[PDB]
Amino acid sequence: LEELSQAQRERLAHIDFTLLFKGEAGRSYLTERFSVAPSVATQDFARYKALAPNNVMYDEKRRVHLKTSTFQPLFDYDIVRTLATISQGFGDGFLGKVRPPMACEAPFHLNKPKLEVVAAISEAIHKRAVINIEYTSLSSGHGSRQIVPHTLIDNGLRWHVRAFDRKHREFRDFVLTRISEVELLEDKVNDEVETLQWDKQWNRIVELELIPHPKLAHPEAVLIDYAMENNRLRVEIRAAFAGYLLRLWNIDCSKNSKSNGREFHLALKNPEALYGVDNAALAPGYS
């Protein structure tokens, strides 16, 4: 299996995937996905049958290979990336719009940042550069400022950049869809103030204990849902994320689990862990 070309492993994995997620796989799946010759696809299936003979049985009528009752995946899957592929499409995205390969929807996306804005911030992070941006903030409206970006973030809802803000001299999030212009500058980065190692809220990890909400009649449903152990799920997140994510995850973070207005499945067992976390007040019910 490891003697093969990268291209050959990718096409084998696509056979594995198609058998696992559809009932079946034929030469047309490989020629559509990879634009290989039909004769190449035939060799692919032969390599697959040789590597996993008990995974596939051939159907002579329709000329498709069928998933058996004893199927075991030939490869390990990145589950996050695999779920992105079935809900988005098969490429890396660089060759135009793609579409999901199955009846799968992901309706939670609203608008995305502009390609050029994300690319420019990404470039500045890679080059360790200062950038001038225009930014329209909720707190003060439109303006300009210099920032020293260090990380791009897909948070639940929007994209933001974690950066040192030279306007107010603090590390801060900037929502990418509110960045209007990006200009790479030659100004020097102060590696004693402005770089990632000084970002305390970024570098502080908070250890959260999530438990089934006490009001639930069937907490065992939540134990299975979140793959909990010892009645809890331990999650470690950067303090700079805690507010965003606790609200996004709809976690009851009130002391007694009685401040609600919502329909919580999870409660934060140890709200003490949010002490000193900038923007913990975004977490539902946190006081």
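Residues carry their position along the shown sequence, with the first being 1.
Stretches 231 to 239 and 32 to 40 differ in mean C-alpha B factor, with the higher average recorded for 32 to 40. Of the two segments examined, 179 to 187 and 207 to 215, it is 179 to 187 that shows the higher average Cα temperature factor in the deposited entry. Comparing the C-alpha B-factors of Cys253, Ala52, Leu223, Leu248 in the entry, the top value falls on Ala52. Of the candidates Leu138, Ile86, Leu95, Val148, the PDB record gives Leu95 the highest C-alpha temperature factor. When the modelled residues of the chain are ordered by their C-alpha B factor, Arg9 lands in the highest third. Among the modelled residues of the chain, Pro107 sits in the lowest third by CA temperature factor in this PDB entry. When all modelled residues of the chain are sorted by CA temperature factor, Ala267 is found within the lowest third. The deposited CA B-factor of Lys114 belongs to the middle third of values across its chain.
Sort the modelled residues of the chain by CA B factor and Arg128 lands in the highest third.
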